[PDB]
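Notes follow the structure.
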Amino acid sequence: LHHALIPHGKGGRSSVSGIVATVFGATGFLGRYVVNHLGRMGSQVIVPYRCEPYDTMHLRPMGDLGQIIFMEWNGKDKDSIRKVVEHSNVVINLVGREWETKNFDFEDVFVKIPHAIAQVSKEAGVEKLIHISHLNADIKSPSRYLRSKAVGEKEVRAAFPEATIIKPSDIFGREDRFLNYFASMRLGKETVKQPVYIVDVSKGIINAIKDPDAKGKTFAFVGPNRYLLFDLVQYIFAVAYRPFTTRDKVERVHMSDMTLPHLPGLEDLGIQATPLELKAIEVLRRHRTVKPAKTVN
Amino acid sequence: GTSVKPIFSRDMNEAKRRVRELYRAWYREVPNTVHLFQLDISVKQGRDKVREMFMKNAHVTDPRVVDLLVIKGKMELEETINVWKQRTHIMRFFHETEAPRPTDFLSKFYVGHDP
Amino acid sequence: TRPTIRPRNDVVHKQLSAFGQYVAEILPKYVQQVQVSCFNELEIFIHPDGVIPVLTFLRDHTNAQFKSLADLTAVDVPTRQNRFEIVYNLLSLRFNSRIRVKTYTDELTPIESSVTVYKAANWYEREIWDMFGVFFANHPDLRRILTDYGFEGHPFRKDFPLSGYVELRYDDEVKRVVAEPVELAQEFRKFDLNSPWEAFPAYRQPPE
Amino acid sequence: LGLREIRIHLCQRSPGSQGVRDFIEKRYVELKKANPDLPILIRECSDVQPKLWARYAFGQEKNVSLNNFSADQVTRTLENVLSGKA
Amino acid sequence: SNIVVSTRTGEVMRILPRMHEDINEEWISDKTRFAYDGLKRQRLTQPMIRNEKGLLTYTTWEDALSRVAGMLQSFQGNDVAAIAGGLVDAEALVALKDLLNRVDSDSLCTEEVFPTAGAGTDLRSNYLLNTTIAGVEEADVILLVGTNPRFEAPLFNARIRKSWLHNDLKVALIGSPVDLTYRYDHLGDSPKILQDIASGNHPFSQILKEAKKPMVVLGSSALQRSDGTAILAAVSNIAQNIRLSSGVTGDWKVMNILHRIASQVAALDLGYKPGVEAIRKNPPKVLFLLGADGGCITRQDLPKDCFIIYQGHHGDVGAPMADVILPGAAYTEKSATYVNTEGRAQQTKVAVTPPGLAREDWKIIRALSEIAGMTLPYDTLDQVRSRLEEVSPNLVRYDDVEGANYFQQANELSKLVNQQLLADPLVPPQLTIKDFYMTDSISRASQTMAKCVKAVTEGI
Amino acid sequence: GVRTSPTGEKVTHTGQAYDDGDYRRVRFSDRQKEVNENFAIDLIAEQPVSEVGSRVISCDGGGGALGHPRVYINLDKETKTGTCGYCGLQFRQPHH
Amino acid sequence: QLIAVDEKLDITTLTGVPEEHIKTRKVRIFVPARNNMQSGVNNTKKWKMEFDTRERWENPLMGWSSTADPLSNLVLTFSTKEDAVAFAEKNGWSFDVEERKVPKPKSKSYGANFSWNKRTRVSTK
Ligand SMILES: NC(=O)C1=CN([C@@H]2O[C@H](COP(=O)(O)OP(=O)(O)OC[C@H]3O[C@@H](n4cnc5c(N)ncnc54)[C@H](OP(=O)(O)O)[C@@H]3O)[C@@H](O)[C@H]2O)C=CC1
Ligand SMILES: [Zn+2]
């Protein structure tokens with residue numbers, strides 16, 4: 001196991017966990033939680049950042065001295081990926097943009113970059129690769145985002161046969177784009193949503209890293225309760241004490257949440273999914289200046 | 001013999017009385033503490049935590065020790081009443097950032113040498 | 001004794017010994033011992049119950065009037081049954097002199113608070129309670145003064161570890177400062193500096 | 001049910017081990033003549049009651065106290081243990 | 001001998017002597033002093049299992065423990081077996097005893113051979129140094145049979161030399177004319193001289209007759225040569241003749257046995273069967289090598305597809321012939337109980353922690369039992385030592401050397417068999433200084449001991 | 001005398017260099033490894049051996065109070081040369 | 001004015017030590033052995049109470065020696081063994097006590113070196 005990688009300590013800040021993890025897209029909403037969960041337990045995190053060094057500054061106190069190493073990269077080049085994942089044994093893929101840019105479309109973000117990452121990871125000898133796709137990802141879907149996810153998920157599994165795919169279902173959190181999106185508005189009764197908490201997704205990724213038998217498996221990370229869109233927005237506006245993103249976001253948010261009973265979930269990794277009723281107040285206490293919504297099961 | 005000097009009580013009955021009075025005050029305070037410090041826990045959780053803290057010291061069989069713990073708990077209560085603490089001090093009672101340390105022998109054996 | 005040795009004062013030694021006699025004679029109920037060191041420091045060892053009475057007498061007597069309380073502290077000697085040693089340092093401006101009063105206690109026996117005699121002692125006593133866990137009865141407001149709010153333990157006790165038990169950092173998950181068990185990147189190096197071959201024969205103890 | 005070994009714990013100086021001691025010094029030899037393959041361990045206690053252990057198949061063990069037992073009583077209980085009779 | 005391990009930043013720096021007036025006084029042997037170098041070399045740090053090509057590859061604790069528990073559940077009874085090495089503590093020994101007892105197995109064997117005929121290991125004084133190391137200072141004549149104590153027990157020989165210098169103690173040797181650093185009366189080499197002394201013909205019988213505090217010491221090396229029963233019977237006969245003719249001077253305990261490995265007395269007190277002949281009579285299908293590195297049992301002395309588990313701390317002659325390798329702790333990395341040839345039980349302390357993924361030996365056995373469903377009752381070290389007290393109460397008295405003298409029973413039990421002696425002179429393994437340095441796995445992996453052997457073979 | 005590892009890393013005067021499988025090499029990516037080029041062992045090997053016609057010679061390292069403590073070296077063994085314990089300079093009696 | 005209550009002293013609930021640093025630690029009470037590199041005996045006079053060694057690992061950066069137990073450097077000094085046992089008992093620590101080892105008196109004689117008939121006669125001095 002290459003002695004330098006043997007775990008040591010009591011699982012603390014200055015301990016060693018034997019995890020050399022390269023977290024692509026660590027500067028996002030999910031990336032900060034993933035990096036924090038990795039670094040609070042003694043693992044080394046390599047972070048590749050396209051953006052200014054100032055943006056990443058928040059991550060600095062997430063690990064002990066020398067445990068977090070920042071390097072620059074770009075998806076268009078393979079040498080940068082090779083030098084970033086050269087020494088890692090775990091590669092986590094969190095790259096993803098919800099919209100379109102003049103240099104990166106959904107095909108660039110969700111297909112080419114993950115495929116190149118998986119190919120380089122396989123070439124370099126990375127033991128484990130974890131990929132993030134969507135719960136609603138299928139080739140036939142009208143939305144480009146979901147359609148792109150399906151093509152990418154397939155091509156990654158082709159490149160890295162023993163990769164682990166995680167399909168979170170509409171993550172919500174303190175910096176999320178769901179509850180913030182509906183609380184900033186200040187069409188429904190047919191769309192049902194299945195949100196999942198951000199801490200649960202991060203712990204699921206960590207457990208999938210620590211779980212040996214989850215090599216080729218695929219997971220669907222879903223919350224405890226299913227909510228209609230209308231009464232969920234009603235609850236969101238009630239918590240904020242309020243009276244009651246171009247084209248792809250609306251078409252994706254009016255799309256109902258799929259159900260995949262065959263795929264293993266968070267409970268198979270040992271995570272009790274946290275109900276949205278506990279964390280809604282935590283997220284929405286800042287939008288201010290109780291009667292939870294009914295759930296369908 | 002073994003004569004010792006009292007702090008507040010003469011026997012264990014008065015110590016129990018003081019413990020009950022302190023528990024009364026803490027139970028009264030939990031709702032105002034949760035509301036004022038803007039905790040994300042429920043008043044049920046805070047009161048259960050108070051119960052757990054009081055239960056930690058249930059095996060004490062010495063009035064001097066018991067009313068010394070009562071004095072300490074009263075100091076803590078006065079800290080919480082006057083808002084001398086912050087959210088961080090109050091939140092610590094819950095260890096929400098610490099990984100669950102396992103108890104079974106097999107799990108401990110795998111992680112390391114610490115018994 | 002050539003220039004490298006501290007000069008000795010016999011007159012002050014005699015005067016302090018005489019005043020030790022005087023204080024001893026006046027208060028036989030509480031005083032247990034009187035000592036005058038080689039560097040002319042006079043200390044009186046008394047019973048804990050005499051703290052209010054001994055302190056009041058030193059301050060008010062026409063021959064003592066030790067009206068100033070320079071310092072009040074405690075010393076931890078775990079080998080003793082009465083663990084803590086409470087020390088009072090008093091200054092008299094009238095006679096330009098200093099006195100020391102020593103007392104003993106343990107974990108569960110309180111000491112009478114001398115805030116009534118000296119207003120200076122108030123904060124001092126609080127510090128002792130914060131640092132050693134010595135309780136003072138009838139203290140106007142006894143609580144921690146130096147340690148963090150919610151800090152468990154008394155750091156200046158000899159069995160308290162140097163780095164304590166918990167340490168603070170910032171957690172972005174809970175978005176707040178949290179306290180976790182202490183882990184050190186480099187552990188403190190304990191040095192065995194003491195040598196054999198005793199240095200001062202005048203303090204040799206009987207071999208029992 | 002099959003016996004695999006016995007262990008006799010006796011104290012060297014305690015009065016309660018007195019008769020137990022005599023057992024060995026009288027007749028342990030004879031015991032070993034009858035059982036050429038059963039391990040009879042003899043061990044020494046201190047400030048603890050004398051005791052005889054019997055170990056069966058699958059690691060089962062039963063212990064019996066021999067405090068103030070004479071040589072006759074120890075011989076009888078050893079016979080009962082060896083024969084299997086209760 | 002008591003030592004002090006000096007560490008710094010969790011690394012062993014040196015071994016110093018520690019004063020025990022009754023065991024080693026103030027000295028330690030060069031092996032004790034300088035063989036700590038091997039603790040940093042040839043170490044086993046991670047569990048290993050055999051892959052498809054047949055090679056040993058690293059794997060986690062769960063994999064190796066499950067693979068061992070599978071075979072432990074599949075087989076039962078006499079098909080399972082165990083061998084104890086020379087550096088094993090009482091806790092691991094009793095753990096293995098209980099683990100195989102839950103499988104109905106008594107095949108607990110040790111590499112060192114002690115004759116089991118008659119009393120065997122039933123009477124403790126039958127395999128101890130009843131005179132004790134200190135008591136050598138009170139003897140006035142000593143007889144050594146087939147030993148080279150200068151290398152087998154250097155501090156024992158140092159005490160003998162001190163008594164020779166100060167008490168005019170007279171020494172006689174039956175064995176090869178080795179150098180013992182003092183003049184001794186070489187009675188001869190052939191073992192039959194013992195019988196001659198038993199007969200009364202040889203004048204040394206008269207010499208031992210007139211002694212107030214005689215002493216006969218027999219080493220286990222002379223008990224290895226397949227004449228252990230006969231030689232032990234002859235020595236016990238000599239002791240019986242001395243006690244019977246000269247009379248019982250008191251509690252002098254003439255009969256003495258000098259041991260050579262650290263784990264022998266602890267194993268014998270726990271009911272282990274000395275020798276490995278029980279393995280030879282009933283070859284097992286799965287074998288536990290609890291630190292066994294002597295090469296007494298190879299794969300030729302075992303059936304095909306034999307499952308061999310090695311639990312130890314150095315890769316040595318025992319490791320490459322195994323199927324599952326479980327890394328254990330060394331004597332400097334665990335609080336462990338060892339019993340010396342005097343029968344005195346002493347406990348070590350934890351100086352460093354086992355490197356890598358290595359763990360405490362008894363913890364390894366307990367976890368393996370808990371996997372296979374035969375969960376051992378004890379969880380912590382205090383409970384293990386309570387179990388040890390139940391099995392043998394003398395293993396918890398940590399400085400006592402006193403014990404009962406049951407010489408008469410063991411002597412009369414040895415007269416049943418009448419096995420004959422070979423016509424082979426007694427030749428100890430430790431013939432010269434070059435054979436003293438390399439003795440066990442820690443010494444063999446030591447570079448300093450290699451330098452010492454090189455210097456002895458050719459000096460500069 | 002700086003060398004180079006098979007992987008490409010420079011070898012320090014202490015001989016340290018990460019092996020091929022060691023992840024810690026990641027710390028040197030896009031950066032450099034701090035290595036001293038002047039090896040003291042090679043530099044002291046280049047010094048001449050002095051020849052003094054006395055059995056005992058004293059060395060303070062040069063500079064007087066700016067050197068090391070004074071030591072005395074015996075030069076009676078003709079098979080080798082006397083080496084200062086602090087400075088490393090070598091001395092010798094004039095053989096032949 | 002005096003309770004005159006009878007119970008063994010146990011202050012574990014007042015010291016603030018974490019739970020697992022009381023019921024898992026094993027303290028050792030002993031008189032430290034004399035260093036064999038020196039002949040002085042002034043360091044073997046008092047009794048020391050120390051704790052059991054826990055794991056020390058390597059820091060991935062700088063390769064230092066990291067620890068996770070706070071009581072790794074705690075050593076306490078007592079006049080008598082009874083004082084140490086009392087302290088450990090009132091603090092709730094399970095302890096192991098070792099009895100003090102004293103070098104036995106010895107009979108030294110300079111004249112024995114020059115013996116007429118004994119083996120104590122030294123070859124050189
Ligand atoms: N709604 C949700 O929260 C859940 C998201 N999805 C998946 O989860 C993944 C990440 O989650 P999330 O935190 O919400 O996403 P974010 O928008 O918060 O962050 C996107 C991450 O990917 C990086 N990134 C994005 N585009 C590029 C690019 N063209 N080149 C290099 N790096 C890039 C970002 O770096 P930078 O900031 O510098 O651009 C950033 O690190 C995504 O891939 C998404 O598909 C899973 C289910 C729902
Ligand atoms: Zn020099």
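Whatever order the structure lists ligands and atoms in, that order sets their numbers, starting from 1. Within every chain, numbering begins at 1; the chains are lettered A, B, ... in the order of the sequence lines, protein sequences first and strands thereafter.
Counting only heavy atoms of the protein, atom 35 (O) of ligand 1 lies nearest to A:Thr27 OG1, 3.2 Å. Of the protein's heavy atoms, A:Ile171 CD1, 3.5 Å lies nearest to atom 4 (C) of ligand 1. The protein heavy-atom contact nearest to atom 30 (N) of ligand 1 is A:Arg50 NE, 3.3 Å. Looking from atom 16 (P) of ligand 1 to the surrounding protein, the closest heavy atom is A:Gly96 O, 3.9 Å. Nearest protein neighbour of atom 11 (O) of ligand 1, counting heavy atoms only, is A:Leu30 CB, 4.0 Å. Closest to atom 24 (N) of ligand 1, if we only count protein heavy atoms, is A:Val95 CG1, 4.0 Å. Among all protein heavy atoms, the one lying closest to atom 47 (C) of ligand 1 is A:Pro168 O, 3.4 Å. With hydrogens left out, the protein atom closest to atom 23 (C) of ligand 1 is A:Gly25 CA, 3.9 Å, a heavy atom.
In summary, the atoms of ligand 1 found under 4.0 Å from a heavy atom of A:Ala26, numbered by their order in the structure, are 41 (O). Of all the atoms in ligand 1, the ones that sit under 4.0 Å from a non-hydrogen atom of A:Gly28 are 13 (O), 18 (O), 19 (O), 40 (C), 41 (O). Residue A:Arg177 approaches ligand 1 through these ligand atoms, each under 4.0 Å from one of its heavy atoms: 17 (O). Within the listing of ligand 1, atoms 43 (O), 45 (O) sit less than 4.0 angstrom from a heavy atom of A:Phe110. Near A:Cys51, the atoms of ligand 1 lying under 4.0 angstrom from a non-hydrogen atom of the residue are 38 (O). Which parts of ligand 1 touch A:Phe29 is read off a 4.0 Å heavy-atom cut-off, strictly below it: atoms 13 (O), 18 (O). The A:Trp73 neighbourhood of ligand 1 comprises atoms 31 (C), with distances under 4.0 Å to a heavy atom of that residue.
Of the N and O atoms on the side chains of A:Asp176 and A:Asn180, at least one donor lies less than 3.5 Å from an acceptor on the other residue. Side-chain contact check for A:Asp200 and A:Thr274: at least one donor-acceptor pair (N or O, by modelled atom type) lies under 3.5 Å.
Salt-bridge formation is detected for the pair A:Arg174/A:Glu282: a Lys NZ or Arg NE/NH1/NH2 atom is positioned less than 4.0 Å from an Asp or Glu carboxylate oxygen. The pair A:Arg32-C:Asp172 meets the salt-bridge criterion, with a side-chain N (NZ, NE, NH1 or NH2) lying under 4.0 Å from an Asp/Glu carboxylate O. A salt bridge links A:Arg144 with A:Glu107: the distance from a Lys NZ or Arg NE/NH1/NH2 to an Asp or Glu carboxylate oxygen falls below 4.0 Å. A salt bridge links A:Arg252 to A:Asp248: one of the charged nitrogens lies within less than 4.0 Å of a carboxylate oxygen.
Contacts between A:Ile132 and ligand 1 below 4.0 angstrom, taking non-hydrogen atoms only, involve the side chain exclusively. Within the 4.0 Å heavy-atom criterion, the part of A:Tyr145 lying near ligand 1 is the side chain and not the backbone.
When ring centroids are compared, A:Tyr241 and A:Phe237 stay outside the 6.0 Å threshold. For F:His68 and F:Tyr86, the ring centers sit closer than 6.0 Å to each other. Annotation: A:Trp73 is not in aromatic contact with A:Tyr49 [ring centroid separation under 6.0 Å not met].
Evaluated for a side chain to side chain donor-acceptor pair (under 3.5 Å) with A:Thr218, the options A:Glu153, A:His262, A:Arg157 yield exactly one hit, A:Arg157.
Of all heavy-atom pairs between A:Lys167 and A:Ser133, the closest is CG-OG, 3.2 Å.
Excluding waters, the count of protein N/O/S atoms less than 2.8 Å from the Zn ion (ligand 2) comes to 3.
For residues 142-172 of chain A, every residue pair satisfying the ring-ring contact (aromatic ring centres under 6.0 Å, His included) rule, not counting sequence neighbours, is listed here: A:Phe106-A:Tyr145, A:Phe110-A:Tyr145, A:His134-A:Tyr145, A:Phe172-A:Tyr197.
Closest heavy-atom approach to atom 10 (C) of ligand 1 within the set A:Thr56, A:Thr101, A:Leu94, A:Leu135: this belongs to A:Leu94. Of the listed options A:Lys149, A:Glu52, A:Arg97, A:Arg97 places a heavy atom closest to atom 37 (O) of ligand 1.
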Task: Check against salt bridge (charged side-chain N to carboxylate O under 4.0 Å, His left out), A:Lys149 and A:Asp138 - done: CA-CA 7 Å; A:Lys149 295 304 203 84; A:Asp138 45 330; over 6 Å; no
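Between A:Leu266 and A:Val222 the shortest side-chain heavy-atom distance does not fall below 4.5 Å.
Under the 3.5 Å distance criterion, the side-chain polar atoms of A:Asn225 are left unmatched by any main-chain donor or acceptor of A:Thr295.
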